[PDB]
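Working notes, beginning with the structure itself.
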Amino acid sequence: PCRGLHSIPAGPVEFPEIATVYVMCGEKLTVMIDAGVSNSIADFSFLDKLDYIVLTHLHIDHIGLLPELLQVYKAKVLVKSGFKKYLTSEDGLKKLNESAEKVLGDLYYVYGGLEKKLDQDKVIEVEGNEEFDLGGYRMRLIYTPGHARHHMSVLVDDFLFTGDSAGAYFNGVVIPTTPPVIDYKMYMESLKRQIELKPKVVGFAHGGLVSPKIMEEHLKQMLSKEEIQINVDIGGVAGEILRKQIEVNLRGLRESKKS
Ligand SMILES: [Zn+2]
Ligand SMILES: [Zn+2]
């Protein structure tokens with residue numbers, strides 16, 4: 001059977017590592033954190049069963065493979081309460097894709113929009129403080145708004161999976177996870193709260209596993225009086241995709257400070 005922790009690249013074929021999906025295989029429950037971009041060819045066939053898929057948030061790059069995953073596995077999706085309708089109705093999906101396209105531009109087509117709504121009985125709303133016994137490991141959800149009103153983080157023992165609430169990290173460079181539009185005050189509060197949890201390792205949705213110290217570097221980055229300007233040493237299409245995303249995030253950061 002499946003055991004241990006699996007960190008799987010779930011980005012588009014042009015940049016598989018831009019997004020990471022985590023799977024924690026406990027003795028009693030198997031849980032997945034996030035679900036990749038719609039256009040990802042990530043293969044999760046190494047799983048015999050899947051009990052829960054926790055969505056850190058509802059941005060399109062974290063919920064892409066749900067349609068297929070919910071047909072192959074008997075998994076239930078856990079989402080912040082009040083947002084289930086965005087996944088279970090045509091009008092809900094239309095709004096998710098609408099906001100995604102407006103914010104992402106060309107990246108919308110790279111990652112891929114949502115095309116199929118999910119069955120309501122497969123989606124469970126949670127408050128963001130629920131605890132689960134995975135069997136040999138303990139999981140606890142944590143509501144972490146700021147990046148989005150529907151953002152939640154996940155703590156498995158001393159591993160903290162932060163989604164897009166505590167930064168991104170590529171090639172040794174800290175990138176702000178601040179696309180339009182973030183709630184600056186809430187974002188800062190959630191970031192401080194997570195730093196205070198003192199996890200041993202952090203799992204970024206964008207950048208994979210990183211040291212907890214990176215969260216503190218991101219906090220400092222958020223407090224800079226000078227305009228944040230980032231440059232990442234990466235080439236090819238992957239480099240261009242990342243640069244576009246960075247521009248979106250820097251725009252969001254600039255605008256959040258004016259609020
Ligand atoms: Zn996001
Ligand atoms: Zn994201």
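Bear in mind these aren't lab numbers, they're just calculated from the coordinates by the rules spelled out. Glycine also receives a Cβ, built like all others from the backbone with ideal geometry; neighbour counts cover every protein chain displayed.
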Region 168-259 shape via C-alpha gyration tensor axes, a/c threshold 1.5: oblate
Options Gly105, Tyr86, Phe46, ranked by Cα towards positive dipole end of the chain, top entry (Cβ charges): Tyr86
Whichever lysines have a C-alpha closer than 24 Å to that of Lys84, once near sequence neighbours (fewer than 8 apart) are set aside: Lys49, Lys74, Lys76, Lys94, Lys95, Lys102, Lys116, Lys117, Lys122
Tensor-based shape of region 141-217 (alpha-carbon gyration tensor, a/c under 1.5 rounded, otherwise prolate or oblate): oblate
Candidate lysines for bridging to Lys198, where Cα separation is under 20 Å - those fewer than 8 sequence places away on the same chain excluded: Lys213, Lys220
Dipole magnitude (debye, nearest 20) for region 145-259, charges at Cβ of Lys, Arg, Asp, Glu: 280 debye
Eligible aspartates and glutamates near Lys244 by straight Cα distance, threshold 13 Å, same-chain separation 8 or greater: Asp106
Principal axes of the chain: Cα extent on each, largest first, Å: 49, 38, 35
Gyration tensor verdict on region 14-74 (Cα atoms; rounded if a/c is under 1.5, prolate if a/b is larger than b/c, oblate otherwise): prolate
Rel. contact order, % - alpha carbon contacts under 8 angstrom, at least six apart, region 26-111: 29 percent
Loop-located GluC sites (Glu not before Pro) in region 50-122 whose Cβ has at most 12 other Cβ within 10 Å (DSSP): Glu115
Within a Gaussian network of the chain (alpha carbon springs, distance under 10 Å), most fluctuating of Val202, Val79, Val181: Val181
Net lengthening on full extension, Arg193/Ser89 (0.36 nm per residue, minus Cα-Cα): 34.1 nm
Simple Cβ-charge dipole of the chain, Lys/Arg +1 and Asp/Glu -1, about Cα centre, in debye nearest 20: 580 debye
Loop chymotrypsin sites (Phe, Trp or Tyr not before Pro), region 1-63, which have at most 13 other Cβ atoms in a 10 Å radius of their Cβ (DSSP): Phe46
Proxy reagent accessibility, fewest Cβ within 10 Å first, across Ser256, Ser211: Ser211, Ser256
Cα centroid separation - region 184-259 against region 54-125, whole Å: 23 Å
Local electrostatic count at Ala205 - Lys and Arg +1, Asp and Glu -1, tallied over other residues with Cβ under 9 Å: -3
Value of relative contact order over region 112-182, rounded to a whole percent, pairs C-alpha under 8 Å and six or more apart: 19 percent
Selection from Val181, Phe161, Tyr143 lying farthest towards where the dipole of region 139-190 points positive, charges on Cβ: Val181
Relative contact order (percent, whole number), the chain, Cα cutoff 8 Å, 6+ residue spacing: 17 percent
